[PDB]
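Here's the structure, in structure tokens; my notes come after.
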Amino acid sequence: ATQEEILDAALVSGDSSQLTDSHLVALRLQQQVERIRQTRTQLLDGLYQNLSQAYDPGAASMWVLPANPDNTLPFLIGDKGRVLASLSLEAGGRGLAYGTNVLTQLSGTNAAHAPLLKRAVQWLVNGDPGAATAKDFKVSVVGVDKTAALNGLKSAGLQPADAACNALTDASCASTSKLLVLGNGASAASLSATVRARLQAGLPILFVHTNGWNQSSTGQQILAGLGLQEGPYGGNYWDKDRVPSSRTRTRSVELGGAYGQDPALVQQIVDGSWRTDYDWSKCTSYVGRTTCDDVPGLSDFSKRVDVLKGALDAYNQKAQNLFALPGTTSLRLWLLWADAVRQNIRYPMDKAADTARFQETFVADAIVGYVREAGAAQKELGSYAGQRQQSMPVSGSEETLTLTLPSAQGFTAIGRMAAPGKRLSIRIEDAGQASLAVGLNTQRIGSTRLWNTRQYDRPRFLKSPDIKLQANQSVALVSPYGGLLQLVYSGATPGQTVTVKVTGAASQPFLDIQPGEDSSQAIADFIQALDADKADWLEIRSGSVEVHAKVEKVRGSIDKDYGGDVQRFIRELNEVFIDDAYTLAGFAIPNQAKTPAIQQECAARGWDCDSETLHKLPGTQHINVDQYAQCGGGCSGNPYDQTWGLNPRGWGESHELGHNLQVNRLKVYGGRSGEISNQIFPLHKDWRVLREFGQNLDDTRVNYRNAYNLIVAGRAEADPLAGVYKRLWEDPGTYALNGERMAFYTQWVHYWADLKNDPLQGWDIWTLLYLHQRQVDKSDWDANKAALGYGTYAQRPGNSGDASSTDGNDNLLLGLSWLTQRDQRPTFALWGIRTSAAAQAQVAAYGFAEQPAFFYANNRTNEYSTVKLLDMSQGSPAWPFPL
Ligand SMILES: [Zn+2]
């Protein structure tokens, strides 16, 4: 078969598998775009002639936009670019929609529009804007006032007669009526479908939005029947856009022909006239990531490409197959062109060395249609994947999976992959009240480093749009890239399940630790899948953490850090990394009782330390392990990105996990502890690792010595609390005084260890503070405040994260005083930490003996046997370790 014959077939089926000649497709697209422009401009020129185009719908109006570009078009575009009315040629019919009821303004504010409206109505009735209507032409008016509408039409020089019947819902009235006028009061079965069917059968429709700047679902449905869409929330309220009387024929004809179309970009594609002289010296670099926002001309190019992506991604998001909807040829050609381009992409490309390949690929990467029955794999997957991903076996039968949702909103790995160019079918069942979508992959967009020299080596958009699903309705997908399937959810009940059915999917290595079940078999099966080595990507689900990882990166870590010992790697991931953090935070972990000391303290305080209501595990934290990251070689977020691999014992792993587990009421001076109060997680892990294993990791993180220097100097000032504050907490820098501020947090660990007379118990104070804080945050205030040491508070305290707030300082003071049964105000003052009068009154009410100011000093972070206690109440001792 010729490429010509392949293209013709693929326009019907969507099957681009054998289509490689992108130039041929681009030539067809060129003629299609030109056909659309010729049709539009001829119609708009006939409508406008030299009549005034003045049209002012006021603030109390909505915008009304084309939705299908092939058969709809703007009619009135204001100076600010807002579409105020649109024309429809959908299904071979004739429709016109305004964003306000212009018919009742033809004697007033829009008297000047009457001549033009007359031509538009001539075009509706006759199909020719210069053909006069017959006297007494029958007009049916539905959902807006009949008399006022007919009087409006008369005001424009027309002589309508009342059809006296409902042409929206009565097929016989539709057949004799010359025009149907609609507003938002209409009633009908299947309103969009009914409107479409009337239009297709030849009833001309004039729609007027009757709800001002308010949106209308009836209007949205009518407009969808015309192939139009309502503009966004607020309507014309802020912009107050209008067409001025100075608007020329030529200008509006040009704007209307160009709207939502890019003939210049099509021509650049066809001719290969990609820009050879972008000024790349204007790019800049931030932590190794190059961006180019200030390269002249580049942002405008990128925004034009975004229009195309936006257009196709609306179909993706709605789970609509473009090839199943009539009147979508332009978009079909764009998509088939991009699929053809994907057959020829080769990596890597550089922005200066390979301008034509780089720029054409830049466009093609933005145009991916996932909802289809067939289509092509991209031939080269570069730094993303390789031959394994391309050759993964797929299941011919339906697979059934049950997923648990740990919070109301987020996404979770389904445990299967789309294979490149291979159809899969998916559906969800048993979803309760959750709203669901399916997605592919988890990459963040900064992880395609296309502006770095020679690093355009994968697709721009490896993560698909979220593809909405309805319960019990199957959707067919084809990805050019393959990818890890994700269930995206919102409005869920924590702990609920969902059933996923999928046919045609591949099975990546997938480790699904069962919350409180034996896992030695799951581990063995995962290892066996890794040993078979048929995949480029894997996933791991363990508690509230999910890892999405390039296989080669995980192998690298197992080899480097574990000498090839996969078993120990996995067990440490689960226990030393994940379980360590969530246990430190005191969450209710299924089938894992609290330690005896935590149990006993909680019991002695009469606390709820075990309910799911207060202490359920939080929403999933995702981790991406890949060749590239969103920012730097590793980036905060959810997911957070790592490019080195995945080390269960690593500082960064736990530092980032810790950000997910931070709470404002345990931060000193809000944001000043933004990179402090999360460090308990990696510090605890390192203390544990030294004791159990003997590796001594990050042993100089906590800078007790320099904290001491700053405290000793600041407390010599006239206001000693302010003096310390200035030297320790004032600096707003992201990582300012990181080591010194950490030494505050560990004071309480050493203190608690001494209080309990047990070195192993020291970190329990943080677990207790977390348990206490979640009760403060969520328990019934009146019933629980006495038990939480907050009896003097009429209302729950605030949760501000601002550095100027005392909400964290206060809760730390109260929690620590309450748990230790000593008034801790002198040590809080020593550290420069101010508290509110309310919190001070509350500590006074406890009736506890003061703990005089103290300081725990050490010359190592991880080894606590050497820590020394300094009494600070009478003066400042010497630093007690030799320099
Ligand atoms: Zn951080």
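Residue indices begin at 1 and follow the sequence shown. Whatever order the structure lists ligands and atoms in, that order sets their numbers, starting from 1. When reading the values below, keep in mind they use all heavy atoms of this one structure, side chains included, and skip hydrogens, waters and symmetry mates.
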Under the side chain to side chain donor-acceptor pair (under 3.5 Å) rule, what pairs show up with a residue in residues 702-712, not counting sequence neighbours? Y704-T746, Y704-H750, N706-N709, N706-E740

Among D810, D777, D807, which residue satisfies the side-chain hydrogen bond (donor to acceptor under 3.5 Å, both in side chains) criterion with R665?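 It is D777; the other options fail the test.
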
Aromatic centroids of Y725 and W831 separated by under 6.0 Å: no

Chi angles and distances behind the side-chain contact (heavy atoms from CB on, under 4.5 Å) call for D698, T861: CA-CA 8 Å; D698 264 294; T861 296; over 6 Å; no

Side-chain ion pair, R649 and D561, N-O less than 4.0 Å: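 Judged by the 4.0 Å cut-off on N to carboxylate O distance, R649 and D561 do not form a salt bridge.
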
Looking at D626 and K553, does any basic side-chain N land under 4.0 Å from a carboxylate oxygen? no

Atoms of the protein (N/O/S only) found under 2.8 Å from the Zn ion (ligand 1): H655 NE2, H659 NE2, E675 OE1

